[PDB]
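Residue numbers (the authors' numbering): 418 to 516.
Each remark here refers to the structure printed beneath this line.
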C-alpha cells in the first residue's frame, strides 16, 4: 500500500550549486544510491527547512539519510544520524529530523 509522506530536514548547510536529497534502504528510497534515484528535497522559505514528498510503503520500516550533492555530481556530506520510521504510517503525515 503506497502512501505519500513528507520528509523534513532542518539546519542543512547548503551553498550555491547544492541540492539536498535523501536515500535509504528501500527501493522506493533508491537503496542508498546517490547517483540515479535519490529523492529531491526543497527549501521552504516559510517553515525555513528542507522538505519533499515521497511515496512510501505503509506498514514497512525504513531507514534513510539526507545528503548534499553539488551540481558537478559531488556528494559533499551526509546527515549526521541515520533516521528511521518504524513503520511508515497508514496516513499521509510527516517525519522531521535535523541535519
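Each residue gets a CB set at the ideal place from its N, CA and C atoms; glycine is no exception.
ask   = Roughly how many angstroms separate the alpha carbons of residue 502 and residue 433, rounded to a whole number?
value = Within the chain shown, the letter at position 85 stands for residue 502. Within the chain shown, the letter at position 16 stands for residue 433. Spanning the two alpha carbons is a distance of roughly 31 Å.
Where residue 458 falls: helix, strand or coil (DSSP) = Within the chain shown, residue 458 is the residue found at index 41, counting from 1. Of the three classes helix, strand and coil, the one that applies to residue 458 here is coil, per DSSP.
ask   = According to DSSP, what are the bridge partners of residue 483?
value = Along the chain shown, one-based indexing puts residue 483 at 66. In DSSP, residue 483 forms a bridge with 439.
ask   = Where residue 509 and residue 422 are concerned, what is the direct C-alpha to C-alpha distance, given to the nearest angstrom?
value = Along the chain shown, read from residue 1 onward, the residue named residue 509 stands at position 92. Along the chain shown, read from residue 1 onward, the residue named residue 422 stands at position 5. Roughly 5 Å separates the two Cα atoms.
task = Could you name the residues of the same chain whose beta carbon sits closer than 6 Å to that of residue 472, not counting the 5 residues immediately before and after it, in chain order?
result = Taking the first residue of the chain shown as position 1, residue 472 is located at position 55. Once the five neighbours on either side are set aside, the close Cβ partners of residue 472 are 419, 421.
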